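Asker: Dumping the structure here so I can ask a few things about it.
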Amino acid sequence: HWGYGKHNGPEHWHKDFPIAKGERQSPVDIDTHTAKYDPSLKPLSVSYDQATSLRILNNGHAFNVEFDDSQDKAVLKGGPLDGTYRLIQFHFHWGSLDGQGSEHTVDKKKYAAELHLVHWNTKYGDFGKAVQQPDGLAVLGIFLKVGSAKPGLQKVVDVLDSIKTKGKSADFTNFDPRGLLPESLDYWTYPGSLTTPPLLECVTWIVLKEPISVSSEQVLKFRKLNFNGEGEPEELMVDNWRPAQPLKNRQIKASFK
Ligand SMILES: [Zn+2]
């Protein structure tokens with residue numbers, strides 16, 4: 001099926017998912033000199049106080065840390081968002097080299113990786129109904145750069161050896177996602193889509209300005225993961241990022257000047 005190789009990569013997705021060439025696709029390049037400061041944007045509210053992580057899974061495309069979203073234990077509000085959005089999972093996109101890996105770009109600059117914290121609009125009952133709505137999801141995008149290690153990310157890094165191949169999952173309780181946030185919450189925001197098939201245009205993207213630092217040893221462990229399932233030929237899980245798509249008829253707003 002779909003993947004990131006030469007024969008099933010982003011360039012081929014449009015054949016099975018025509019929305020790939022749609023009106024509001026992601027990711028996109030963020031031109032900081034074109035983004036408009038929107039003073040009508042309310043402060044962003046990240047309430048991960050009662051976050052309840054459950055499992056970590058290798059799905060053949062990346063790894064997801066899932067949370068219990070049956071209640072408003074971990075929600076995102078404010079900013080350009082109306083209503084409450086529940087955290088359902090987070091995952092990363094990274095490269096085979098430190099100069100690439102992120103999905104969104106800033107003035108064309110690519111980062112080593114990108115963290116995506118996925119939330120869904122509670123007004124819609126469940127995640128499945130939410131992806132069918134133009135304002136169904138809110139994804140918090142965070143850039144990763146190679147520098148000093150990130151304490152909050154080591155716990156994830158430590159368990160990657162247990163979910164090396166596609167289909168593997170491991171218990172991952174009591175993880176605190178607040179450990180993955182940078183100091184500042186300044187951000188850029190625009191209407192877009194999921195960056196992987198089905199590429200549904202149901203996402204309000206919130207990309208933070210300030211990246212978090214991770215060590216080379218930490219990113220190296222991400223690169224040790226496998227796209228393939230156990231017993232199959234080994235394909236290193238690297239460069240699982242979709243490149244920037246045309247902004248078209250969209251405007252990127254900034255919460256800061
Ligand atoms: Zn993602």
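Labels used: A, B, ... for chains in the order of the structure tokens, numbers from 1 for residues in each chain, and numbers from 1 for ligands as shown.
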What's around residue 29 (chain A) at 12 Å? Count only C-alpha atoms, leave out sequence neighbours fewer than 5 positions away in its own chain, and write the answer as number ranges by chain.
Answerer: A: 34-35, 102-111, 188-190, 207, 242-248, 250-252
Asker: Using only C-alpha atoms and all ligand atoms, find each protein or nucleic acid residue lying at most 9 Å from ligand 1; present the set as a list in words.
Answerer: residues 62, 90, 91, 92, 93, 103, 114, 115, 116, 117, 118, 139, 141, 194, 195, 196 and 241 of chain A
Asker: Please write the residues from the selection above to a file, keeping N, CA, C and O atoms, as a PDB file, in the first residue's frame.
Answerer:
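Listed below is the output, selection_25.pdb:
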ATOM      1  N   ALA A  62       5.186   5.100  11.509  1.00  0.00           N
ATOM      2  CA  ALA A  62       5.793   5.856  12.597  1.00  0.00           C
ATOM      3  C   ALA A  62       5.361   5.140  13.869  1.00  0.00           C
ATOM      4  O   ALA A  62       4.905   4.000  13.807  1.00  0.00           O
ATOM      5  N   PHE A  90       0.179  11.092  19.954  1.00  0.00           N
ATOM      6  CA  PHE A  90       1.265  11.914  19.443  1.00  0.00           C
ATOM      7  C   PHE A  90       2.262  10.975  18.753  1.00  0.00           C
ATOM      8  O   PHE A  90       2.361   9.797  19.093  1.00  0.00           O
ATOM      9  N   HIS A  91       2.949  11.489  17.736  1.00  0.00           N
ATOM     10  CA  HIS A  91       3.927  10.712  16.988  1.00  0.00           C
ATOM     11  C   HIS A  91       4.910  11.695  16.391  1.00  0.00           C
ATOM     12  O   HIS A  91       4.725  12.906  16.511  1.00  0.00           O
ATOM     13  N   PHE A  92       5.943  11.175  15.735  1.00  0.00           N
ATOM     14  CA  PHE A  92       6.957  12.027  15.128  1.00  0.00           C
ATOM     15  C   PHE A  92       7.171  11.689  13.663  1.00  0.00           C
ATOM     16  O   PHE A  92       6.720  10.662  13.175  1.00  0.00           O
ATOM     17  N   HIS A  93       7.865  12.586  12.977  1.00  0.00           N
ATOM     18  CA  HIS A  93       8.253  12.412  11.585  1.00  0.00           C
ATOM     19  C   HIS A  93       9.717  12.807  11.679  1.00  0.00           C
ATOM     20  O   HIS A  93      10.031  13.841  12.263  1.00  0.00           O
ATOM     21  N   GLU A 103       8.008  18.059   8.614  1.00  0.00           N
ATOM     22  CA  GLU A 103       7.044  18.143   7.535  1.00  0.00           C
ATOM     23  C   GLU A 103       6.848  19.608   7.164  1.00  0.00           C
ATOM     24  O   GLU A 103       6.989  19.972   5.998  1.00  0.00           O
ATOM     25  N   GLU A 114       9.747  16.343  13.612  1.00  0.00           N
ATOM     26  CA  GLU A 114       8.559  17.102  13.958  1.00  0.00           C
ATOM     27  C   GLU A 114       7.647  16.240  14.813  1.00  0.00           C
ATOM     28  O   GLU A 114       7.347  15.095  14.469  1.00  0.00           O
ATOM     29  N   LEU A 115       7.221  16.809  15.934  1.00  0.00           N
ATOM     30  CA  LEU A 115       6.323  16.142  16.863  1.00  0.00           C
ATOM     31  C   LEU A 115       4.900  16.587  16.550  1.00  0.00           C
ATOM     32  O   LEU A 115       4.639  17.774  16.382  1.00  0.00           O
ATOM     33  N   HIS A 116       3.983  15.634  16.466  1.00  0.00           N
ATOM     34  CA  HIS A 116       2.593  15.959  16.200  1.00  0.00           C
ATOM     35  C   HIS A 116       1.718  15.436  17.328  1.00  0.00           C
ATOM     36  O   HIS A 116       1.625  14.227  17.547  1.00  0.00           O
ATOM     37  N   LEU A 117       1.105  16.366  18.054  1.00  0.00           N
ATOM     38  CA  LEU A 117       0.196  16.037  19.146  1.00  0.00           C
ATOM     39  C   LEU A 117      -1.209  16.201  18.555  1.00  0.00           C
ATOM     40  O   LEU A 117      -1.661  17.320  18.292  1.00  0.00           O
ATOM     41  N   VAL A 118      -1.882  15.074  18.343  1.00  0.00           N
ATOM     42  CA  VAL A 118      -3.204  15.044  17.720  1.00  0.00           C
ATOM     43  C   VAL A 118      -4.383  15.116  18.678  1.00  0.00           C
ATOM     44  O   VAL A 118      -4.500  14.288  19.583  1.00  0.00           O
ATOM     45  N   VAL A 139      -3.918  19.794  15.441  1.00  0.00           N
ATOM     46  CA  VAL A 139      -2.639  19.143  15.678  1.00  0.00           C
ATOM     47  C   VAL A 139      -1.602  20.186  16.069  1.00  0.00           C
ATOM     48  O   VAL A 139      -1.437  21.200  15.389  1.00  0.00           O
ATOM     49  N   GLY A 141       2.037  21.161  16.249  1.00  0.00           N
ATOM     50  CA  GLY A 141       3.285  20.772  15.622  1.00  0.00           C
ATOM     51  C   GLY A 141       4.479  21.359  16.334  1.00  0.00           C
ATOM     52  O   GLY A 141       4.528  22.556  16.600  1.00  0.00           O
ATOM     53  N   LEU A 194      -4.439  16.041   7.178  1.00  0.00           N
ATOM     54  CA  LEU A 194      -3.576  15.038   7.774  1.00  0.00           C
ATOM     55  C   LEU A 194      -2.430  14.994   6.763  1.00  0.00           C
ATOM     56  O   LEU A 194      -2.667  15.218   5.571  1.00  0.00           O
ATOM     57  N   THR A 195      -1.209  14.713   7.211  1.00  0.00           N
ATOM     58  CA  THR A 195      -0.080  14.656   6.283  1.00  0.00           C
ATOM     59  C   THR A 195       0.147  13.265   5.716  1.00  0.00           C
ATOM     60  O   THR A 195       1.118  13.038   4.988  1.00  0.00           O
ATOM     61  N   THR A 196      -0.734  12.331   6.063  1.00  0.00           N
ATOM     62  CA  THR A 196      -0.635  10.975   5.547  1.00  0.00           C
ATOM     63  C   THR A 196      -2.018  10.545   5.081  1.00  0.00           C
ATOM     64  O   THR A 196      -3.035  11.086   5.536  1.00  0.00           O
ATOM     65  N   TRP A 241       8.284  11.568   6.228  1.00  0.00           N
ATOM     66  CA  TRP A 241       7.687  12.897   6.187  1.00  0.00           C
ATOM     67  C   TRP A 241       7.217  13.244   4.789  1.00  0.00           C
ATOM     68  O   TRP A 241       7.840  12.859   3.804  1.00  0.00           O
TER      69      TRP A 241
END
Asker: Enumerate, as a PyMOL selection string, the complete set of residues in region 80-143 of chain A that a backbone-based DSSP assignment places in strand (DSSP E or B).
Answerer: chain A and resi 85-94+105-106+109+113-121+137-143
Asker: Just N, CA and C atoms for this one: save the residues we selected as a JSON list (two decimals), in the first residue's frame.
Answerer:
[["chain", "number", "residue", "atom", "x", "y", "z"],
["A", 85, "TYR", "N", -10.72, 20.30, 22.48],
["A", 85, "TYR", "CA", -10.11, 19.25, 21.66],
["A", 85, "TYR", "C", -9.35, 18.30, 22.58],
["A", 86, "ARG", "N", -9.65, 17.01, 22.49],
["A", 86, "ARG", "CA", -8.98, 16.02, 23.32],
["A", 86, "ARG", "C", -7.77, 15.38, 22.67],
["A", 87, "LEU", "N", -6.72, 15.20, 23.46],
["A", 87, "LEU", "CA", -5.50, 14.57, 23.00],
["A", 87, "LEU", "C", -5.81, 13.09, 22.81],
["A", 88, "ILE", "N", -5.50, 12.55, 21.64],
["A", 88, "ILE", "CA", -5.75, 11.14, 21.39],
["A", 88, "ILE", "C", -4.43, 10.40, 21.16],
["A", 89, "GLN", "N", -3.44, 11.10, 20.62],
["A", 89, "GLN", "CA", -2.14, 10.50, 20.37],
["A", 89, "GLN", "C", -1.09, 11.50, 19.91],
["A", 90, "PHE", "N", 0.18, 11.09, 19.95],
["A", 90, "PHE", "CA", 1.27, 11.91, 19.44],
["A", 90, "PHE", "C", 2.26, 10.98, 18.75],
["A", 91, "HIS", "N", 2.95, 11.49, 17.74],
["A", 91, "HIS", "CA", 3.93, 10.71, 16.99],
["A", 91, "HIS", "C", 4.91, 11.69, 16.39],
["A", 92, "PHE", "N", 5.94, 11.18, 15.74],
["A", 92, "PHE", "CA", 6.96, 12.03, 15.13],
["A", 92, "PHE", "C", 7.17, 11.69, 13.66],
["A", 93, "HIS", "N", 7.87, 12.59, 12.98],
["A", 93, "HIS", "CA", 8.25, 12.41, 11.59],
["A", 93, "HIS", "C", 9.72, 12.81, 11.68],
["A", 94, "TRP", "N", 10.62, 12.00, 11.14],
["A", 94, "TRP", "CA", 12.03, 12.34, 11.23],
["A", 94, "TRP", "C", 12.79, 11.97, 9.98],
["A", 105, "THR", "N", 7.99, 23.55, 7.06],
["A", 105, "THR", "CA", 9.29, 24.18, 6.97],
["A", 105, "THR", "C", 9.11, 25.65, 7.33],
["A", 106, "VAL", "N", 10.18, 26.30, 7.76],
["A", 106, "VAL", "CA", 10.12, 27.71, 8.15],
["A", 106, "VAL", "C", 11.07, 28.44, 7.21],
["A", 109, "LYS", "N", 13.45, 26.26, 5.68],
["A", 109, "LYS", "CA", 14.34, 25.49, 6.54],
["A", 109, "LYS", "C", 13.68, 24.21, 7.07],
["A", 113, "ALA", "N", 13.28, 16.75, 12.89],
["A", 113, "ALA", "CA", 12.07, 15.99, 13.15],
["A", 113, "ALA", "C", 10.94, 16.92, 13.50],
["A", 114, "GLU", "N", 9.75, 16.34, 13.61],
["A", 114, "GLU", "CA", 8.56, 17.10, 13.96],
["A", 114, "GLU", "C", 7.65, 16.24, 14.81],
["A", 115, "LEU", "N", 7.22, 16.81, 15.93],
["A", 115, "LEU", "CA", 6.32, 16.14, 16.86],
["A", 115, "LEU", "C", 4.90, 16.59, 16.55],
["A", 116, "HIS", "N", 3.98, 15.63, 16.47],
["A", 116, "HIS", "CA", 2.59, 15.96, 16.20],
["A", 116, "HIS", "C", 1.72, 15.44, 17.33],
["A", 117, "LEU", "N", 1.11, 16.37, 18.05],
["A", 117, "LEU", "CA", 0.20, 16.04, 19.15],
["A", 117, "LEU", "C", -1.21, 16.20, 18.56],
["A", 118, "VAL", "N", -1.88, 15.07, 18.34],
["A", 118, "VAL", "CA", -3.20, 15.04, 17.72],
["A", 118, "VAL", "C", -4.38, 15.12, 18.68],
["A", 119, "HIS", "N", -5.26, 16.10, 18.46],
["A", 119, "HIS", "CA", -6.45, 16.30, 19.28],
["A", 119, "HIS", "C", -7.70, 16.34, 18.39],
["A", 120, "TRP", "N", -8.84, 15.91, 18.93],
["A", 120, "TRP", "CA", -10.08, 15.95, 18.16],
["A", 120, "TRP", "C", -11.17, 16.73, 18.90],
["A", 121, "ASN", "N", -11.98, 17.44, 18.12],
["A", 121, "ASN", "CA", -13.07, 18.28, 18.62],
["A", 121, "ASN", "C", -14.18, 17.45, 19.27],
["A", 137, "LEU", "N", -10.16, 18.25, 13.72],
["A", 137, "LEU", "CA", -8.91, 18.01, 14.42],
["A", 137, "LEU", "C", -8.06, 19.26, 14.62],
["A", 138, "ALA", "N", -7.19, 19.19, 15.61],
["A", 138, "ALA", "CA", -6.25, 20.25, 15.93],
["A", 138, "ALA", "C", -4.95, 19.52, 16.23],
["A", 139, "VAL", "N", -3.92, 19.79, 15.44],
["A", 139, "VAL", "CA", -2.64, 19.14, 15.68],
["A", 139, "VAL", "C", -1.60, 20.19, 16.07],
["A", 140, "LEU", "N", -0.93, 19.94, 17.19],
["A", 140, "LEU", "CA", 0.10, 20.84, 17.68],
["A", 140, "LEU", "C", 1.42, 20.35, 17.10],
["A", 141, "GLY", "N", 2.04, 21.16, 16.25],
["A", 141, "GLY", "CA", 3.29, 20.77, 15.62],
["A", 141, "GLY", "C", 4.48, 21.36, 16.33],
["A", 142, "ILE", "N", 5.45, 20.51, 16.64],
["A", 142, "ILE", "CA", 6.64, 20.96, 17.33],
["A", 142, "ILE", "C", 7.89, 20.45, 16.62],
["A", 143, "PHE", "N", 8.77, 21.39, 16.29],
["A", 143, "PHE", "CA", 10.01, 21.06, 15.61],
["A", 143, "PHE", "C", 11.07, 20.55, 16.58]]
Asker: What gap, in Å, lies between CA of residue 3 (chain A) and CA of residue 157 (chain A)?
Answerer: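 Separation of CA of residue 3 (chain A) and CA of residue 157 (chain A): 23.2 Å.
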Asker: Mind giving me the straight-line distance from CA of residue 15 (chain A) to CA of residue 63 (chain A) in Å, one decimal?
Answerer: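 The value is 25.3 Å.
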Asker: Name all residues at most 6 Å from residue 54 (chain A) (count only C-alpha atoms; drop same-chain ones fewer than 2 positions away) and give them as a list in words.
Answerer: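 Returned residues: residues 66, 67, 172 and 173 of chain A.
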Asker: List as a PyMOL selection string the protein and nucleic acid residues near residue 215 (chain A), meaning an atom at most 12 Å away when only C-alpha atoms are counted, but skip any in the same chain fewer than 6 places from it.
Answerer: chain A and resi 98+112-113+144-151+153-154+157+221-222
Asker: Print the selection's residues with C-alpha atoms to a file, as a PDB file, in the first residue's frame.
Answerer:
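And here's out_31.pdb as it stands now:
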ATOM      1  CA  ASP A  98      19.787  15.986  10.736  1.00  0.00           C
ATOM      2  CA  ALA A 112      15.535  17.057  12.049  1.00  0.00           C
ATOM      3  CA  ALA A 113      12.072  15.986  13.146  1.00  0.00           C
ATOM      4  CA  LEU A 144      12.975  19.061  16.886  1.00  0.00           C
ATOM      5  CA  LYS A 145      16.585  20.106  16.346  1.00  0.00           C
ATOM      6  CA  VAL A 146      19.753  18.217  17.232  1.00  0.00           C
ATOM      7  CA  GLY A 147      21.421  19.762  20.269  1.00  0.00           C
ATOM      8  CA  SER A 148      21.195  18.927  23.969  1.00  0.00           C
ATOM      9  CA  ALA A 149      19.061  15.976  25.089  1.00  0.00           C
ATOM     10  CA  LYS A 150      15.409  16.389  26.054  1.00  0.00           C
ATOM     11  CA  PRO A 151      14.591  14.720  29.425  1.00  0.00           C
ATOM     12  CA  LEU A 153      11.704  12.381  25.458  1.00  0.00           C
ATOM     13  CA  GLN A 154      14.110   9.823  26.939  1.00  0.00           C
ATOM     14  CA  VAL A 157      13.440   6.621  23.457  1.00  0.00           C
ATOM     15  CA  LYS A 221      17.376   5.537  18.173  1.00  0.00           C
ATOM     16  CA  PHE A 222      14.363   6.754  16.149  1.00  0.00           C
TER      17      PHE A 222
END
Asker: Could you please write out, as a list in words, every residue of region 23-177 of chain A that DSSP assigns to alpha helix (DSSP H)?
Answerer: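 Across region 23-177 of chain A, those assigned alpha helix (DSSP H) are residues 127, 128, 129, 130, 151, 152, 153, 154, 155, 156, 157, 158 and 159 of chain A.
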Asker: Could you list, as a list in words, every residue within 8 Å of region 159-171 of chain A, counting only C-alpha atoms and ignoring same-chain residues fewer than 3 positions away?
Answerer: residues 54, 55, 56, 57, 58, 59, 60, 155, 156, 221, 222, 224, 225, 226, 227, 228, 229 and 230 of chain A
Asker: Return the single residue from A:158, A:201, A:231, A:127 that is closest to residue 218 (chain A), with distances computed using only C-alpha atoms.
Answerer: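 Residue with the minimum atom-to-atom distance to residue 218 (chain A): A:158.
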Asker: Find, counting only C-alpha atoms, the residue in A:97, A:200, A:40, A:210 that gets nearest to residue 181 (chain A).
Answerer: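 Ranking A:97, A:200, A:40, A:210 by distance to residue 181 (chain A), first place goes to A:210.
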Asker: Can you measure CA of residue 75 (chain A) to CA of residue 20 (chain A) for me? One decimal in Å is fine.
Answerer: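 Atom-to-atom, CA of residue 75 (chain A) and CA of residue 20 (chain A) are spaced 28.9 Å apart.
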Asker: Find the residues near residue 47 (chain A): any atom within 9 Å, counting only C-alpha atoms, skip ones fewer than 5 places away on the same chain, and give them as a PDB file with N, CA and C atoms, in the first residue's frame.
Answerer:
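Dumped everything to part_19.pdb:
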ATOM      1  N   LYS A  73      -9.375  14.813  29.998  1.00  0.00           N
ATOM      2  CA  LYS A  73      -8.213  14.748  30.878  1.00  0.00           C
ATOM      3  C   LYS A  73      -7.023  15.532  30.327  1.00  0.00           C
ATOM      4  N   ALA A  74      -6.896  15.550  29.008  1.00  0.00           N
ATOM      5  CA  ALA A  74      -5.814  16.271  28.345  1.00  0.00           C
ATOM      6  C   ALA A  74      -6.438  16.980  27.155  1.00  0.00           C
ATOM      7  N   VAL A  75      -6.613  18.295  27.258  1.00  0.00           N
ATOM      8  CA  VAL A  75      -7.232  19.034  26.166  1.00  0.00           C
ATOM      9  C   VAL A  75      -6.475  20.279  25.711  1.00  0.00           C
ATOM     10  N   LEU A  76      -6.761  20.701  24.484  1.00  0.00           N
ATOM     11  CA  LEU A  76      -6.158  21.893  23.896  1.00  0.00           C
ATOM     12  C   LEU A  76      -7.313  22.865  23.625  1.00  0.00           C
ATOM     13  N   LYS A  77      -7.169  24.112  24.059  1.00  0.00           N
ATOM     14  CA  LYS A  77      -8.194  25.125  23.840  1.00  0.00           C
ATOM     15  C   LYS A  77      -7.540  26.472  23.565  1.00  0.00           C
ATOM     16  N   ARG A 178       3.621  16.908  28.775  1.00  0.00           N
ATOM     17  CA  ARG A 178       4.065  18.271  29.043  1.00  0.00           C
ATOM     18  C   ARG A 178       5.582  18.357  28.987  1.00  0.00           C
TER      19      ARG A 178
END
Asker: Using only C-alpha atoms, which of the listed residues (A:256, A:205, A:37, A:48) sits closest to residue 174 (chain A)?
Answerer: A:48
